[PDB]
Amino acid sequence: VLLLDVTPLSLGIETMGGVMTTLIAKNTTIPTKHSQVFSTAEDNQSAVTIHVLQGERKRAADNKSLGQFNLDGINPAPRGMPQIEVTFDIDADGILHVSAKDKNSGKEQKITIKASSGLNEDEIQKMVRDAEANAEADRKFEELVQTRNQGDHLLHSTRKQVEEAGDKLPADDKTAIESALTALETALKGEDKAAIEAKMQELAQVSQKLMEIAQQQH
């Protein structure tokens, strides 16, 4: 062939922390269909937002927004337990269909995005340059988001484990641990990567008895 139609920019979704997670890489040949499985961030969460993005930046708000929809009716479950399968499907016509299916509830919602959507060529090449210029800033934002989500998961798990421990956990431990979850939860509200790790570290340091009781539980 003298010609290929390829994706000039990556296509994906915004995930927790405001990051673009790619489903279809830049320069993938049409037609194509990719899927990935995602979950909820909170206990009892009943819907997820699917924000569809085009571009090469690690920050979602720095990419082009192609549209957004929600899938609701997610049944009550602990966070990270629902299986929401997101499929990006680009047909031979260059039309993108993005669906999300809850594998428990069977419920599905879809957005369809015309082949003329998104960034025009001047913007496309502006985007490839901006991604290139900014590899450092975006790497730093990617690592901060990944620390913050780890801190959140640690925040959430340790609270659950305090719960299932109840009386097994000595008075002094619970006080040290709860003090740490409060400062951790504070730190999570800033942009200081070292401060979040310092609060996560304090928590690892005071939670050793809890960790044993939780390991022993199961």
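From 1 onward, residues are counted along the sequence shown. Note that the rigid core is defined as the largest set of C-alphas that superpose within 1.5 Å between two forms.
Of the two stretches examined, 48-56 and 163-171, the one with higher mean CA deviation in 9 other deposited structures of this protein after a rigid core fit is 163-171.
The higher RMS C-alpha distance to the shown form in 9 other deposited structures of this protein, out of 8-16 and 191-199, belongs to 191-199, with every structure fitted on the core. Averaged over their C-alpha atoms, the temperature factors of 46-54 and 171-179 are higher for 171-179.
Here 71-79 and 120-128 are compared by their mean Cα B-factor, and 120-128 comes out higher. Across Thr40, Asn27, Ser157, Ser35, the entry's maximum B-factor at the CA atom is seen for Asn27.
Ranked within its chain, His97 lands in the lowest third, by CA B factor from the PDB record. The PDB entry assigns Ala165 a C-alpha temperature factor belonging to the highest third of its chain's modelled residues. Among all modelled residues in its chain, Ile113 ranks in the lowest third by Cα B-factor. Sort the chain's modelled residues by C-alpha temperature factor and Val86 lands in the lowest third, per the entry.
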